[PDB]
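**Student:** Below are the structure tokens for one structure; questions will follow.
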Amino acid sequence: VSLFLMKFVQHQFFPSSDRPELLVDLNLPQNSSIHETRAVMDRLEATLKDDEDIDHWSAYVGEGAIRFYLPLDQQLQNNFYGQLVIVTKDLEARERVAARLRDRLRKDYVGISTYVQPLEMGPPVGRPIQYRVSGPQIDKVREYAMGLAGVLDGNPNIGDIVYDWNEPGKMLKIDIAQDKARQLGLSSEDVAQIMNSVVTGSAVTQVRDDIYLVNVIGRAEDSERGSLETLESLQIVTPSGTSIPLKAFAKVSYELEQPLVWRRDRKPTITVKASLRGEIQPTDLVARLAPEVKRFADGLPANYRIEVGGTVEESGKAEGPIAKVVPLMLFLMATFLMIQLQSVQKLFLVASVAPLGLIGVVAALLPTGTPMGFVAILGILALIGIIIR
Amino acid sequence: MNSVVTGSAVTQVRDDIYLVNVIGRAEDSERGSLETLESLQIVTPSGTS
Amino acid sequence: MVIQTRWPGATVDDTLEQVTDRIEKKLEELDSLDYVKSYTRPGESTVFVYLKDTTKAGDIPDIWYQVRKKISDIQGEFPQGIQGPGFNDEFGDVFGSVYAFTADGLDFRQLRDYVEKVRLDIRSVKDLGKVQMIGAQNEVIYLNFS
Amino acid sequence: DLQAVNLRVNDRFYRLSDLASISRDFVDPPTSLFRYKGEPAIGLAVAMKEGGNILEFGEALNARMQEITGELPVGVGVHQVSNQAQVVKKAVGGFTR
Amino acid sequence: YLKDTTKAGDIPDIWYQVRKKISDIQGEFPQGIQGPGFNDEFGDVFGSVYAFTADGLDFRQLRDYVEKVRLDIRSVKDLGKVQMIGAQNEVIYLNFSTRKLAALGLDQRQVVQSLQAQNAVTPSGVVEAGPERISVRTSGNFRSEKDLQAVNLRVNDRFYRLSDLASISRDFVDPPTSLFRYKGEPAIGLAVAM
Amino acid sequence: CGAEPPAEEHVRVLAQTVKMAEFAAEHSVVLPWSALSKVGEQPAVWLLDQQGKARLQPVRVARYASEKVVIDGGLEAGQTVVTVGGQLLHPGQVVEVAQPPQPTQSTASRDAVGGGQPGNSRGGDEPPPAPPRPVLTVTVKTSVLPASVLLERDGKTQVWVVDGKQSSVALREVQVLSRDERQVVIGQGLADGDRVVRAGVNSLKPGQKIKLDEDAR
Ligand SMILES: *C[C@H](COC(=O)CCCCCCCCCCCCCCCCCC)OC(=O)CCCCCCCCCCCCCCC
Ligand SMILES: *C(=O)CCCCCCCCCCCCCCC
């Protein structure tokens with residue numbers, strides 16, 4: 001019955017860190033000027049500026065520094081990533097400061113991805129639950145990621161799911177026939193020159209005002225640059241002194257293009273990360289949702305593929321050599337015992353006690369509902385040794 | 001002398017993941033074999049030959 | 001391992017397909033590597049290298065040197081865009097207390113200068129590892145023409 | 001130093017101001033911003049030299065900080081963050097307990 | 001060739017020493033190209049090689065298919081090095097009608113400079129004109145033979161088409177330097193290492 | 001052993017009905033710049049059904065988008081199209097009530113919220129006693145002074161600190177309206193010790209002593 005009941009026993013690879021520090025991350029729907037990120041930042045700051053357990057709190061617009069080797073850090077995702085570190089007095093959950101912040105962001109503006117985070121002890125694992133979908137074609141992998149998240153959201157024990165780089169950007173395409181150019185007295189050379197003077201002027205030498213260096217940059221007049229609305233029907237000047245409206249242009253229009261991609265292993269892919277609810281462990285949830293999602297994956301061209309992105313991968317990688325190493329040591333200690341004894345009968349006799357000890361290890365674990373800890377996965381061997389002793 | 005052996009070099013092109021470097025050169029009706037390279041009425045930048 | 005690479009503006013698709021793809025393909029041949037995380041932006045390329053968590057420590061610098069070698073030669077093929085390996089190793093491992101110097105109604109320049117003076121005076125302390133500032137400001141000079 | 005640059009005679013030697021607008025130096029569109037208690041600031045992270053005996057480096061550091069404060073000019077607010085020396089102290093204390 | 005009396009393992013150190021000794025001295029050579037080929041010979045083991053014969057098609061598309069094969073191969077469990085052979089690098093000759101060029105009073109060097117200034121300009125760039133991220137993109141840079149066949153010049157420079165002045169030779173493969181052949185027939189092999 | 005997960009919560013969102021407008025494009029449709037998503041090989045948006053669910057509708061945008069995307073074609077007169085997206089479930093999505101003008105208190109939080117006491121800032125609270133900072137020692141026998149030096153807050157903190165031998169306080173409450181945010185010029189109420197600190201004004205307590213030894217290298 002013990003080995004039988006072992007099935008629903010939940011396992012977890014690592015607990016969190018009791019450090020009184022806490023962090024929160026935010027991601028905007030689409031990439032905008034960093035000014036918008038700072039706007040959301042200052043608003044959230046003005047919201048939390050006077051309360052107990054609220055002290056030593058700083059912001060991060062575009063990048064988060066590193067305290068210890070505990071977490072990772074999104075390097076440069078200014079237009080899509082922010083950070084806020086806060087220090088509590090005795091416990092981040094003392095008054096459930098994290099829950100209060102969750103309610104705050106809930107009442108806050110919509111379409112703003114946000115996530116709370118208590119420091120974690122152990123090798124970095126990023127989000128607790130993720131999934132990676134591959135595809136050599138943009139729209140194909142996108143629609144498939146959508147069709148996957150649809151089935152994934154079946155179980156309501158997950159708070160929310162978030163895709164990756166699943167949004168395009170307003171691109172402006174322009175081109176010229178060059179016939180009217182030579183007709184009006186314009187050459188491709190001056191064409192490119194003007195085009196440069198409109199976006200980013202030419203570069204010149206730097207200056208040495210102090211130990212630092214400042215590079216000066218040229219540019220045309222700004223009374224013709226700054227906003228797209230004013231860039232409509234532009235009477236562009238010519239090097240010959242003349243000025244003609246932009247009517248000589250063509251195909252000037254709006255298009256869509258996602259400015260962020262992930263060519264994991266030289267192949268485009270998307271990473272869908274999801275928050276949790278209740279109290280279950282990501283491993284158990286993965287095991288539960290394994291069949292249906294597997295069938296869904298099967299229902300797709302072979303050139304595509306899906307993989308998990310949670311913590312099961314890391315746990316398995318860590319326990320990898322364990323299985324391929326421990327039995328040898330088992331036979332080693334067995335022979336060691338046979339040294340003191342002289343009969344296989346007594347050997348098997350004392351050996352019978354070894355496995356039977358798994359009674360208490362689970363009896364004192366099921367009522368408490370404590371997940372199977374890795375440390376326990378290790379200590380059980382010490383238990384075997386002492387009981388055999 | 002350069003336009004006769006190997007013309008000047010210009011910018012490369014990006015037609016695909018690879019790069020193709022274009023090269024200039026004079027007219028080939030005056031290059032290719034040594035026999036024809038005998039008694040060459042070489043042109044001058046001033047139009048003369 | 002983090003490897004950054006800039007470019008003076010170009011269509012993100014072409015940017016990746018040209019610089020990122022070549023870097024990834026060339027580096028792929030490297031041994032003992034497991035994950036090759038690509039990262040693209042309008043004009044930035046970033047490569048994340050993750051080796052297998054099965055190798056011994058100590059020789060890690062050798063692998064880093066191998067990476068530097070593999071990219072040094074191939075560098076002679078990229079276009080005129082900038083390029084430089086960011087961190088062969090992540091020195092940003094330990095960090096003691098950090099100190100913020102708030103101020104208003106003054107020169108950010110003089111602020112950074114004071115911070116540098118602080119660094120010089122700090123060097124006098126007994127033991128010191130790395131000292132790194134943040135949020136620096138680099139003033140530029142635009143020259144608009146009539 | 002560049003506003004009064006001339007040109008050639010046949011080039012109509014004029015002042016840069018007389019021809020273009022010499023925009024005063026200014027900070028570019030930010031790419032990384034730091035902020036303390038909702039207020040802009042500039043932090044400085046320091047690392048302990050490898051092999052350095054911790055719990056003492058911080059002592060000498062804070063002492064030197066006190067001296068620096070003694071020399072801190074006008075309009076300067078020093079704020080310490082992540083004083084791990086205290087963290088380690090409390091940790092080892094509870095451990096030994 | 002080092003002496004066959006040293007221990008293994010430290011060989012990379014010797015290679016690094018070589019790289020060091022040449023790095024500094026590099027600052028003295030003339031404008032000629034230079035690059036250390038192999039600090040070590042990675043070409044040690046090689047599993048089966050595969051030749052992909054074909055005729056009546058593009059060598060370009062052939063290499064593209066081989067690259068697609070490489071990408072699909074990466075899916076295999078273990079992989080060492082993957083190297084192709086006998087690749088083709090098409091070039092583009094631009095022969096000029098020197099006589100007519102001189103007749104027009106100009107020289108091809110000026111055309112070279114103009115084309116350089118035209119190609120060195122990126123046809124796109126981020127603008128962020130509004131709150132959201134925005135960027136512009138034009139179609140004016142050289143990307144093919146036709147992309148340069150219709151280039152003009154200045155008024156005082158007799159703005160004409162390249163065809164009207166020079167012969168835009170279609171891209172073609174250069175005089176070979178390394179040729180592969182299977183059963184007396186041209187092909188392209190692919191060596192893979194474990 | 002087994003618990004109960006919480007109920008499902010519709011993903012909060014702020015949409016808006018469809019109202020044909022002649023915004024310069026007959027019967028054109030305008031919306032904020034953050035309400036466009038590419039589907040297949042064309043732009044599109046999300047429309048919300050009356051029975052609390054979301055669906056995708058392909059569109060064909062032709063008009064320029066200057067912070068406000070303007071499309072023409074594929075519309076439903078009086079349909080609540082999304083204007084906040086980027087993370088919704090493409091196949092179907094149970095949406096949250098977006099009917100309020102601002103279902104978020106952000107429409108008034110910018111001015112005032114009302115939860116608890118306000119935060120802190122230099123100029124309203126008392127700084128802790130610290131060693132005397134080497135004064136700015138900008139005093140010169142006298143005029144104009146950079147606006148950064150003076151830190152007058154609501155007229156209750158005129159830079160009264162005297163630049164003399166003690167760094168005391170004085171009765172210098174002269175206020176000139178020539179406030180061009182660049183320099184303050186006064187004709188009366190000026191003296192030799194009239195100047196004050198540049199940045200450490202509000203962060204300094206009145207009458208606090210200073211030190212003559214200044215940092216320089
Ligand atoms: C973790 C698990 C669940 O806790 C429970 O207690 C579940 C039962 C629901 C509560 C009802 C309590 C029963 C009352 C007992 C009678 C009085 C006892 C009072 C105590 C005396 C002390 C003085 C106050 O707890 C467990 O460890 C047991 C779980 C084992 C069962 C798991 C179910 C999995 C599938 C079972 C297959 C059944 C096969 C037979 C066909 C139906
Ligand atoms: C599954 O996880 C079960 C949920 C119910 C938990 C109820 C709390 C159990 C604690 C048992 C302690 C008994 C003490 C008896 C004292 C006389």
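Chain labels follow the order of the structure tokens: the first chain is A, the next B, and so on; residue numbering restarts at 1 in every chain, and ligands are counted from 1 in their shown order.
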Identify all residues of region 14-173 of chain E in strand (DSSP E) (DSSP on the backbone) and supply them as a list in words.

**Tutor:**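 In region 14-173 of chain E, DSSP puts these residues in strand (DSSP E): residues 49, 50, 51, 82, 83, 84, 90, 91, 92, 93, 94, 95, 96, 124, 125, 126, 135, 136, 137, 138, 139, 166, 167, 168, 172 and 173 of chain E.
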
**Student:** Keeping C-alpha atoms for every residue in the selection just given, could you write it to a file as a PDB file, in the first residue's frame?

**Tutor:**
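Printed below is again-v7.pdb as written:
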ATOM      1  CA  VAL E  49      30.326  12.013 -46.657  1.00  0.00           C
ATOM      2  CA  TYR E  50      27.410  12.551 -49.008  1.00  0.00           C
ATOM      3  CA  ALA E  51      27.495  13.819 -52.578  1.00  0.00           C
ATOM      4  CA  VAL E  82      29.759  19.778 -40.673  1.00  0.00           C
ATOM      5  CA  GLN E  83      31.687  21.084 -43.669  1.00  0.00           C
ATOM      6  CA  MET E  84      30.741  21.422 -47.320  1.00  0.00           C
ATOM      7  CA  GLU E  90      29.668  34.090 -58.110  1.00  0.00           C
ATOM      8  CA  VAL E  91      31.223  37.462 -58.908  1.00  0.00           C
ATOM      9  CA  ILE E  92      30.125  40.362 -61.118  1.00  0.00           C
ATOM     10  CA  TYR E  93      32.479  41.898 -63.667  1.00  0.00           C
ATOM     11  CA  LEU E  94      31.829  45.435 -64.870  1.00  0.00           C
ATOM     12  CA  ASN E  95      33.617  46.087 -68.144  1.00  0.00           C
ATOM     13  CA  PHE E  96      33.683  49.727 -69.204  1.00  0.00           C
ATOM     14  CA  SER E 124      16.141  51.796 -43.240  1.00  0.00           C
ATOM     15  CA  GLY E 125      16.231  53.143 -39.697  1.00  0.00           C
ATOM     16  CA  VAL E 126      14.308  53.415 -36.427  1.00  0.00           C
ATOM     17  CA  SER E 135      10.847  52.630 -38.235  1.00  0.00           C
ATOM     18  CA  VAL E 136      11.219  53.548 -41.892  1.00  0.00           C
ATOM     19  CA  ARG E 137      12.455  51.331 -44.710  1.00  0.00           C
ATOM     20  CA  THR E 138      13.139  52.171 -48.354  1.00  0.00           C
ATOM     21  CA  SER E 139      14.139  50.184 -51.445  1.00  0.00           C
ATOM     22  CA  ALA E 166      29.374  50.159 -69.552  1.00  0.00           C
ATOM     23  CA  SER E 167      28.582  46.460 -69.910  1.00  0.00           C
ATOM     24  CA  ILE E 168      26.965  45.059 -66.774  1.00  0.00           C
ATOM     25  CA  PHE E 172      29.131  34.218 -62.991  1.00  0.00           C
ATOM     26  CA  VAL E 173      31.427  31.766 -61.250  1.00  0.00           C
TER      27      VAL E 173
END

**Student:** Select residues of chain D: the criterion is any atom within 6 Å of an atom of chain C, counting only C-alpha atoms; output as a PDB file with N, CA, C and O atoms, in the first residue's frame.

**Tutor:**
ATOM      1  N   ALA D  20      24.299  76.965 -39.835  1.00  0.00           N
ATOM      2  CA  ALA D  20      23.520  75.907 -39.209  1.00  0.00           C
ATOM      3  C   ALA D  20      23.255  76.245 -37.748  1.00  0.00           C
ATOM      4  O   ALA D  20      23.738  77.248 -37.216  1.00  0.00           O
ATOM      5  N   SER D  21      22.472  75.387 -37.100  1.00  0.00           N
ATOM      6  CA  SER D  21      22.112  75.546 -35.698  1.00  0.00           C
ATOM      7  C   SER D  21      22.988  74.614 -34.872  1.00  0.00           C
ATOM      8  O   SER D  21      22.857  73.389 -34.958  1.00  0.00           O
ATOM      9  N   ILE D  22      23.878  75.195 -34.074  1.00  0.00           N
ATOM     10  CA  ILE D  22      24.760  74.399 -33.233  1.00  0.00           C
ATOM     11  C   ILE D  22      23.995  74.037 -31.972  1.00  0.00           C
ATOM     12  O   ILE D  22      24.041  74.762 -30.974  1.00  0.00           O
ATOM     13  N   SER D  23      23.281  72.916 -32.017  1.00  0.00           N
ATOM     14  CA  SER D  23      22.499  72.488 -30.867  1.00  0.00           C
ATOM     15  C   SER D  23      23.405  72.181 -29.687  1.00  0.00           C
ATOM     16  O   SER D  23      24.394  71.453 -29.815  1.00  0.00           O
ATOM     17  N   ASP D  25      24.944  70.559 -26.435  1.00  0.00           N
ATOM     18  CA  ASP D  25      25.049  69.159 -26.057  1.00  0.00           C
ATOM     19  C   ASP D  25      23.916  68.788 -25.111  1.00  0.00           C
ATOM     20  O   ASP D  25      23.509  69.583 -24.261  1.00  0.00           O
ATOM     21  N   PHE D  26      23.400  67.575 -25.267  1.00  0.00           N
ATOM     22  CA  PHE D  26      22.303  67.131 -24.421  1.00  0.00           C
ATOM     23  C   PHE D  26      22.329  65.615 -24.348  1.00  0.00           C
ATOM     24  O   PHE D  26      22.961  64.949 -25.169  1.00  0.00           O
ATOM     25  N   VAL D  27      21.640  65.074 -23.352  1.00  0.00           N
ATOM     26  CA  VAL D  27      21.588  63.628 -23.180  1.00  0.00           C
ATOM     27  C   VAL D  27      20.665  63.029 -24.231  1.00  0.00           C
ATOM     28  O   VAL D  27      19.611  63.589 -24.554  1.00  0.00           O
ATOM     29  N   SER D  32      19.014  52.977 -20.291  1.00  0.00           N
ATOM     30  CA  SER D  32      19.097  52.294 -19.005  1.00  0.00           C
ATOM     31  C   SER D  32      18.939  53.363 -17.943  1.00  0.00           C
ATOM     32  O   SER D  32      19.774  54.268 -17.854  1.00  0.00           O
ATOM     33  N   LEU D  33      17.879  53.278 -17.151  1.00  0.00           N
ATOM     34  CA  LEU D  33      17.620  54.268 -16.121  1.00  0.00           C
ATOM     35  C   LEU D  33      17.558  53.635 -14.740  1.00  0.00           C
ATOM     36  O   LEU D  33      16.944  52.579 -14.548  1.00  0.00           O
ATOM     37  N   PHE D  34      18.193  54.303 -13.788  1.00  0.00           N
ATOM     38  CA  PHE D  34      18.211  53.885 -12.401  1.00  0.00           C
ATOM     39  C   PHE D  34      17.391  54.883 -11.601  1.00  0.00           C
ATOM     40  O   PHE D  34      17.298  56.058 -11.962  1.00  0.00           O
ATOM     41  N   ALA D  41      18.743  58.761  -9.601  1.00  0.00           N
ATOM     42  CA  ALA D  41      19.985  58.735  -8.844  1.00  0.00           C
ATOM     43  C   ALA D  41      21.021  57.961  -9.645  1.00  0.00           C
ATOM     44  O   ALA D  41      20.783  57.572 -10.793  1.00  0.00           O
ATOM     45  N   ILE D  42      22.179  57.735  -9.031  1.00  0.00           N
ATOM     46  CA  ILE D  42      23.270  56.999  -9.653  1.00  0.00           C
ATOM     47  C   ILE D  42      23.860  56.080  -8.598  1.00  0.00           C
ATOM     48  O   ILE D  42      24.416  56.552  -7.600  1.00  0.00           O
ATOM     49  N   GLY D  43      23.735  54.779  -8.811  1.00  0.00           N
ATOM     50  CA  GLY D  43      24.266  53.817  -7.874  1.00  0.00           C
ATOM     51  C   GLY D  43      25.667  53.389  -8.237  1.00  0.00           C
ATOM     52  O   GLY D  43      26.165  53.652  -9.330  1.00  0.00           O
ATOM     53  N   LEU D  44      26.312  52.716  -7.294  1.00  0.00           N
ATOM     54  CA  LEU D  44      27.675  52.233  -7.488  1.00  0.00           C
ATOM     55  C   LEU D  44      27.800  50.882  -6.806  1.00  0.00           C
ATOM     56  O   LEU D  44      27.767  50.800  -5.574  1.00  0.00           O
ATOM     57  N   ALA D  45      27.941  49.827  -7.599  1.00  0.00           N
ATOM     58  CA  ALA D  45      28.080  48.486  -7.065  1.00  0.00           C
ATOM     59  C   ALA D  45      29.552  48.159  -6.892  1.00  0.00           C
ATOM     60  O   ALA D  45      30.374  48.430  -7.772  1.00  0.00           O
ATOM     61  N   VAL D  46      29.885  47.578  -5.749  1.00  0.00           N
ATOM     62  CA  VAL D  46      31.252  47.195  -5.441  1.00  0.00           C
ATOM     63  C   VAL D  46      31.267  45.706  -5.147  1.00  0.00           C
ATOM     64  O   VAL D  46      30.334  45.169  -4.539  1.00  0.00           O
ATOM     65  N   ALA D  47      32.319  45.041  -5.591  1.00  0.00           N
ATOM     66  CA  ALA D  47      32.475  43.614  -5.386  1.00  0.00           C
ATOM     67  C   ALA D  47      33.651  43.363  -4.461  1.00  0.00           C
ATOM     68  O   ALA D  47      34.636  44.104  -4.467  1.00  0.00           O
ATOM     69  N   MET D  48      33.540  42.316  -3.657  1.00  0.00           N
ATOM     70  CA  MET D  48      34.618  41.975  -2.748  1.00  0.00           C
ATOM     71  C   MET D  48      35.668  41.194  -3.518  1.00  0.00           C
ATOM     72  O   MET D  48      35.336  40.267  -4.261  1.00  0.00           O
ATOM     73  N   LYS D  49      36.929  41.577  -3.353  1.00  0.00           N
ATOM     74  CA  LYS D  49      38.002  40.882  -4.042  1.00  0.00           C
ATOM     75  C   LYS D  49      37.955  39.404  -3.692  1.00  0.00           C
ATOM     76  O   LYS D  49      37.736  39.035  -2.535  1.00  0.00           O
ATOM     77  N   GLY D  75      24.488  69.051  -1.698  1.00  0.00           N
ATOM     78  CA  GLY D  75      23.546  68.327  -2.531  1.00  0.00           C
ATOM     79  C   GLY D  75      23.953  66.921  -2.919  1.00  0.00           C
ATOM     80  O   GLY D  75      24.059  66.609  -4.107  1.00  0.00           O
ATOM     81  N   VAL D  76      24.182  66.063  -1.930  1.00  0.00           N
ATOM     82  CA  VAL D  76      24.572  64.679  -2.174  1.00  0.00           C
ATOM     83  C   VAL D  76      23.927  63.806  -1.110  1.00  0.00           C
ATOM     84  O   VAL D  76      24.160  64.002   0.088  1.00  0.00           O
ATOM     85  N   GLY D  77      23.118  62.845  -1.536  1.00  0.00           N
ATOM     86  CA  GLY D  77      22.461  61.953  -0.604  1.00  0.00           C
ATOM     87  C   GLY D  77      22.928  60.526  -0.773  1.00  0.00           C
ATOM     88  O   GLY D  77      22.627  59.884  -1.782  1.00  0.00           O
ATOM     89  N   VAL D  78      23.671  60.033   0.213  1.00  0.00           N
ATOM     90  CA  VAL D  78      24.200  58.676   0.189  1.00  0.00           C
ATOM     91  C   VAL D  78      23.150  57.721   0.727  1.00  0.00           C
ATOM     92  O   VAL D  78      22.543  57.972   1.773  1.00  0.00           O
ATOM     93  N   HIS D  79      22.927  56.621   0.013  1.00  0.00           N
ATOM     94  CA  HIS D  79      21.949  55.630   0.439  1.00  0.00           C
ATOM     95  C   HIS D  79      22.499  54.242   0.165  1.00  0.00           C
ATOM     96  O   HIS D  79      22.801  53.909  -0.984  1.00  0.00           O
ATOM     97  N   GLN D  80      22.631  53.442   1.220  1.00  0.00           N
ATOM     98  CA  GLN D  80      23.151  52.089   1.108  1.00  0.00           C
ATOM     99  C   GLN D  80      22.029  51.099   0.843  1.00  0.00           C
ATOM    100  O   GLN D  80      20.938  51.211   1.406  1.00  0.00           O
ATOM    101  N   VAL D  81      22.311  50.123  -0.013  1.00  0.00           N
ATOM    102  CA  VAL D  81      21.358  49.077  -0.362  1.00  0.00           C
ATOM    103  C   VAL D  81      22.102  47.752  -0.383  1.00  0.00           C
ATOM    104  O   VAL D  81      23.250  47.681  -0.831  1.00  0.00           O
ATOM    105  N   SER D  82      21.445  46.701   0.106  1.00  0.00           N
ATOM    106  CA  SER D  82      21.991  45.346   0.137  1.00  0.00           C
ATOM    107  C   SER D  82      23.247  45.234   1.005  1.00  0.00           C
ATOM    108  O   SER D  82      24.333  44.890   0.538  1.00  0.00           O
ATOM    109  N   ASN D  83      23.077  45.519   2.292  1.00  0.00           N
ATOM    110  CA  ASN D  83      24.173  45.400   3.251  1.00  0.00           C
ATOM    111  C   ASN D  83      24.174  43.937   3.665  1.00  0.00           C
ATOM    112  O   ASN D  83      23.661  43.565   4.720  1.00  0.00           O
TER     113      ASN D  83
END

**Student:** Near chain A, which residues of chain E fall within 7 Å when you count only C-alpha atoms, and what do they look like as a PDB file with C-alpha atoms, in the first residue's frame?

**Tutor:**
ATOM      1  CA  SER E 114      29.326  57.446 -56.403  1.00  0.00           C
ATOM      2  CA  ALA E 117      28.437  56.511 -51.395  1.00  0.00           C
ATOM      3  CA  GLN E 118      25.115  55.097 -52.574  1.00  0.00           C
ATOM      4  CA  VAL E 121      23.680  54.232 -46.892  1.00  0.00           C
ATOM      5  CA  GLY E 125      16.231  53.143 -39.697  1.00  0.00           C
ATOM      6  CA  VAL E 127      12.390  56.680 -35.982  1.00  0.00           C
ATOM      7  CA  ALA E 129       8.161  59.302 -34.196  1.00  0.00           C
ATOM      8  CA  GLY E 130       5.216  58.475 -31.949  1.00  0.00           C
ATOM      9  CA  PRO E 131       4.840  56.811 -28.552  1.00  0.00           C
ATOM     10  CA  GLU E 132       4.986  53.367 -30.134  1.00  0.00           C
ATOM     11  CA  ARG E 133       8.131  52.126 -31.839  1.00  0.00           C
ATOM     12  CA  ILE E 134       8.242  53.097 -35.516  1.00  0.00           C
ATOM     13  CA  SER E 135      10.847  52.630 -38.235  1.00  0.00           C
ATOM     14  CA  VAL E 136      11.219  53.548 -41.892  1.00  0.00           C
ATOM     15  CA  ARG E 137      12.455  51.331 -44.710  1.00  0.00           C
ATOM     16  CA  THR E 138      13.139  52.171 -48.354  1.00  0.00           C
ATOM     17  CA  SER E 139      14.139  50.184 -51.445  1.00  0.00           C
ATOM     18  CA  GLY E 140      17.142  51.932 -52.950  1.00  0.00           C
ATOM     19  CA  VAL E 151      21.726  54.136 -61.620  1.00  0.00           C
ATOM     20  CA  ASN E 152      21.920  57.777 -62.719  1.00  0.00           C
ATOM     21  CA  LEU E 153      24.526  60.512 -62.207  1.00  0.00           C
ATOM     22  CA  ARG E 154      24.613  64.305 -61.989  1.00  0.00           C
ATOM     23  CA  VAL E 155      23.477  66.803 -64.615  1.00  0.00           C
TER      24      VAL E 155
END

**Student:** Please provide the set of residues having any atom within 8 Å of residue 7 (chain B), restricted to only C-alpha atoms, with same-chain residues fewer than 4 positions apart removed, written as a count of residues only.

**Tutor:** 6

**Student:** Compile the contact shell of region 56-67 of chain E as a ChimeraX atom specification: residues with an atom at most 9 Å away, counting only C-alpha atoms, same-chain residues fewer than 2 positions apart removed.

**Tutor:** /E:52,54,69-72,84,87-89,188,190

**Student:** Output as a PyMOL selection string the set of chain B residues within 9 Å of chain E, with distances taken over only C-alpha atoms.

**Tutor:** chain B and resi 7-16+18-28+43-49

**Student:** Counting only C-alpha atoms and all ligand atoms, what residues are within 6 Å of ligand 1, given as a ChimeraX atom specification?

**Tutor:** /A:366-367 /F:1

**Student:** Residues within 12 Å of ligand 2 (only C-alpha atoms and all ligand atoms), as a count of residues only?

**Tutor:** 18

**Student:** With only C-alpha atoms considered, list every residue of chain F at most 7 Å from chain C, as a ChimeraX atom specification.

**Tutor:** /F:148,198-199

**Student:** Considering only helix (DSSP H, G or I) as DSSP defines it on the backbone, what residues of region 15-152 of chain E qualify? List them as a ChimeraX atom specification.

**Tutor:** /E:15-28,59-73,98-103,108-119,146-149

**Student:** Could you list, as JSON, numbers by chain, every residue of chain C that has an atom within 9 Å of an atom of chain E, counting only C-alpha atoms?

**Tutor:** {"C": [8, 9, 10, 11, 28, 29, 30, 31, 42, 43, 69, 73, 76]}

**Student:** Put those residues in a file: C-alpha atoms, as a compact mmCIF listing (two decimals), in the first residue's frame.

**Tutor:**
# COMPACT_ATOMS: atom_id res chain seq x y z
CA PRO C 8 24.17 51.06 -37.45
CA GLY C 9 20.56 50.29 -38.31
CA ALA C 10 19.11 47.82 -40.83
CA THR C 11 15.98 45.74 -41.33
CA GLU C 28 27.69 25.69 -33.63
CA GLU C 29 30.74 23.55 -34.42
CA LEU C 30 32.11 24.34 -30.95
CA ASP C 31 32.27 21.30 -28.69
CA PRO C 42 16.03 46.36 -34.70
CA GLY C 43 19.81 46.76 -34.81
CA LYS C 69 39.22 31.89 -31.21
CA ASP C 73 38.97 34.53 -37.54
CA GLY C 76 36.99 39.12 -41.16

**Student:** Compile the contact shell of residue 50 (chain F) as a list in words: residues with an atom at most 12 Å away, counting only C-alpha atoms, same-chain residues fewer than 5 positions apart removed.

**Tutor:** residues 17, 55, 78, 79, 80, 81, 94, 95, 96, 97 and 99 of chain F

**Student:** Near chain F, which residues of chain A fall within 9 Å when you count only C-alpha atoms, and what do they look like as an MDAnalysis selection string?

**Tutor:** chainID A and resid 8 29:30 43 46:51 106:111 113 139:140 142:143 146:147 149:150 153 156:157 159:164 166:170 227:229 253:257 277:279 366:369

**Student:** As a VMD selection string, please: the residues near residue 179 (chain F) (cut-off 12 Å, only C-alpha atoms, same-chain neighbours under 6 positions excluded).

**Tutor:** chain F and resid 144 to 148 150 152 185 to 186

**Student:** Can you spit out the residues from that selection as a PDB file, in the first residue's frame, using C-alpha atoms?

**Tutor:**
ATOM      1  CA  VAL F 144      21.654  87.346 -11.392  1.00  0.00           C
ATOM      2  CA  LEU F 145      21.886  83.827  -9.975  1.00  0.00           C
ATOM      3  CA  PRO F 146      21.204  80.477 -11.695  1.00  0.00           C
ATOM      4  CA  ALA F 147      17.730  79.157 -10.913  1.00  0.00           C
ATOM      5  CA  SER F 148      19.317  75.893  -9.754  1.00  0.00           C
ATOM      6  CA  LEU F 150      17.753  79.058  -5.290  1.00  0.00           C
ATOM      7  CA  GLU F 152      12.268  78.464  -3.220  1.00  0.00           C
ATOM      8  CA  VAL F 185      17.670  88.680 -11.147  1.00  0.00           C
ATOM      9  CA  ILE F 186      16.885  91.038  -8.283  1.00  0.00           C
TER      10      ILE F 186
END
